[PDB]
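**Student:** following this: a sequence and the matching experimental structure.
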Amino acid sequence: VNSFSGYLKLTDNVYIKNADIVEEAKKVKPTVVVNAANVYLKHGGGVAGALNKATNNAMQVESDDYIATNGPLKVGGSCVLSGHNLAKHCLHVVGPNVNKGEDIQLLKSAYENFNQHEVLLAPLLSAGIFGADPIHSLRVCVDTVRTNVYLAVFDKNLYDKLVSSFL
Ligand SMILES: NC(=O)c1cccnc1
């Protein structure tokens, strides 16, 4: 049993809810919250800007030190950093950004990072401001992630379309 409440069950391991991942994080304090990161860990807007704002910019400060030491992530890659006030850990995952012309086939590689964690609170990768089709992102999630994932969909209209269209 875990603390996640009000989710619709899509599969054995994937759950979904219309909610802001920042607010969900503040309530649950999950072991892992996933950030919709870019390779530079520049948390300017969407899931990343909102998560970073909720940490009072401490996520950005930590991220800048990570990049100064390690250099940029790969598209499809990830790193584990602090969850600050939101979670124990933040898994920063880089889905492909369609608005930069990145290979959508990298979305499966992105979701494979989730399999290193038994339970996660996450957004739909490459969805939101990353430009991918969220229906596609949910399908890749279900077909890739084997660990237990609690998806927070910020947009109510989109949430209802993801559920209604789910095969
Ligand atoms: N609060 C926000 O702006 C936001 C954007 C995308 C997802 N969740 C939250």
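**Tutor:** Arrived safely, thanks for sending. Numbering: from 1, shown residues only.

**Student:** put the alpha carbons of the helix or strand containing residue 65 into PDB.
**Tutor:** Taking DSSP states H and E as the criterion, residue 65 maps to helix 58-70. What follows is helix 58-70, C-alpha atoms only, in PDB (Å, rounded to 0.1, in the frame of the first residue of the first chain):
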ATOM      1  CA  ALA A  58      17.200  25.600  -4.700                       C
ATOM      2  CA  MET A  59      16.600  23.000  -7.500                       C
ATOM      3  CA  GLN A  60      18.300  25.300 -10.000                       C
ATOM      4  CA  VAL A  61      21.200  26.100  -7.700                       C
ATOM      5  CA  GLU A  62      21.900  22.400  -7.200                       C
ATOM      6  CA  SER A  63      21.400  21.700 -11.000                       C
ATOM      7  CA  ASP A  64      23.900  24.400 -11.900                       C
ATOM      8  CA  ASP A  65      26.500  22.800  -9.700                       C
ATOM      9  CA  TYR A  66      25.700  19.400 -11.300                       C
ATOM     10  CA  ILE A  67      26.200  20.700 -14.800                       C
ATOM     11  CA  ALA A  68      29.400  22.600 -13.900                       C
ATOM     12  CA  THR A  69      30.800  19.200 -12.700                       C
ATOM     13  CA  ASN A  70      29.400  16.700 -15.100                       C
END
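
**Student:** how about that helix, does it reach the ligand?
**Tutor:** No - on the criterion Cβ under 6 Å from any ligand atom, helix 58-70 is out of touch with the ligand, staying 13.9 Å away. To be clear about C-beta, it is placed using only N, CA and C from the backbone, and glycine gets the same treatment.

**Student:** after that helix, which helix or strand is next?
**Tutor:** strand 78-82.

**Student:** quick one: that following strand to chain centroid distance?
**Tutor:** Centroid displacement of strand 78-82 relative to its chain, using Cα atoms, centre = their mean, to the nearest Å, is 12 Å.

**Student:** repeat for stretch 86-93
**Tutor:** 9 Å.

**Student:** list the buried residues in it.
**Tutor:** 86, 87, 89, 90, 91, 92, 93 (16 or more other Cβ atoms under 10 Å).

**Student:** surely the fifth one is within a helix?
**Tutor:** Spelled out, that is residue 91. No - assigned with DSSP: H, G, I helix; E, B strand; the rest coil, residue 91 falls outside any helix and is strand.

**Student:** residue 117 is in contact with that one, correct?
**Tutor:** Yes - taking Cβ atoms under 8 Å as the definition, residue 91 is a contact partner of residue 117 at 6.4 Å.
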